[PDB]
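The chain below stands alone and is given as structure tokens, in the form deposited in one PDB entry.
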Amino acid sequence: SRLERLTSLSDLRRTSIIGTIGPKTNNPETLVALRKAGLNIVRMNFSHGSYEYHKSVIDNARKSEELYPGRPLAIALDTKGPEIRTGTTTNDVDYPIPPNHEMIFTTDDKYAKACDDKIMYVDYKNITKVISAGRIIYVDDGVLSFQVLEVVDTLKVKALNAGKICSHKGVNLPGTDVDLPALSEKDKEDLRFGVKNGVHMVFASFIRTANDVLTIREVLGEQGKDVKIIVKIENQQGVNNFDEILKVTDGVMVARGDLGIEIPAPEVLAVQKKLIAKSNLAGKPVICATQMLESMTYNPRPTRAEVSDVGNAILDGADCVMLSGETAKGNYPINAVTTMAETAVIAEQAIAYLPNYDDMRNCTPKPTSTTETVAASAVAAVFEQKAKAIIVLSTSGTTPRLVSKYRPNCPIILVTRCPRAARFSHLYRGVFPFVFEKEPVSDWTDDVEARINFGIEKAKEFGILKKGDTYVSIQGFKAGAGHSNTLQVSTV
């Protein structure tokens, strides 16, 4: 009874909070305070900044752990996909305000650093081929709308709305199949660099076809592997073929920011709810991002609509809710994060777990897979015994994942030896990674146990588990290729 529940409306937040680190936050002290607020994954927007502009963050991040461990600080690498950008005005951020006048658009660098009013540049050197008369072109957050009057290349366009034409802004051209590659020559260097410094995840930008992901996979190369690929659905194609994409990727990212530019902004409300849902089904994790608290970028107080977005994104099924420029330059970073976390606590506090689990477990099996079967079965026991926690050890993150899907109204303490897994594990809601240093003991029967009890302790530390409580353990033991198949309902 959605109505009954809704009519009738503490625990530890279970949804990650990705944070884009900018100059103003690029320092252990701050980087720590951010993590103290609730920062988990760290976004690395490679759209701006040099290899040192980032290699500086990767270290400061690692520092924050040193200064104070807390929770396995993750480090993501947001590739600067195939994006277009305008050139530079004649002399610094000018104020040329087009009201509805037409003008030329070149791509021969000749005016790259002098474009103004009677002219303007664009990154896409081949735009003259992809774009044709009639095409609209949004510029800067999709503000200025242009209308290609005629390709003359040097193509002719015409403003539609006012607004001044500034320097180096995004050039979104919806309705045009750009012949650009999701991975550029430079893009790869960033990946090889990321895997070099060991970035846990990579938020691939502007994906369209599965092949795209595939490439990001073979480009990540041998070193990649452990690094998960997060496809960022930014255009229409990443929505059209988002199904075949969803298959290969490791998780998708609701790229609202540029999404709302490609497809009509109001559609992003439906496209989100869908993608986020299409992901929970597949089991792959999903991150909702952009302007989740834009106002907090210049204010310690978020607007009603803002917090609503946060929570709703979560209530939709979002696994991760990230902060962009809100912390990458905002005058209120720690405050933003905090507001998020606080909102996140309530969001997942007004969710329908029992039924939702049914729905999730109903669009399955066919039949399910062994590890998924016990994952579901594991969550099942929770609702029955009313388990205060479900301990699960894993090395590939797989198990704790499938466990997160059938989302339990309790925490999913994942004990592990691997340091990367426990890091990107944050990519899953409800998961609480904990690294085990104690090298294996003697048996895959005493070790796993000592590991299981370990989880119990850490849980007890987090208050997650009271004195004489109840809990479920998830471990495997299949002839040779053991891979989760056991369930253990125990008491604390």
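Rigid core here is just the name for the largest C-alpha set that superposes within 1.5 Å across the two forms. From 1 onward, residues are counted along the sequence shown.
Below, we turn to the form deposited in another entry, even though it does not appear here.
Once the two forms are fitted on their rigid core, between the shown form and the other one the CA displacement reaches 2 Å or more only for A114 among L281, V219, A210, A114. Taking the rigid core as fixed, one finds a CA shift for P300 smaller than 2 Å between the shown form and the other one. After superposing the rigid core, the C-alpha of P264 moves by less than 2 Å between the shown form and the other one. Relative to the superposed core, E189 undergoes a Cα shift smaller than 2 Å between the shown form and the other one.
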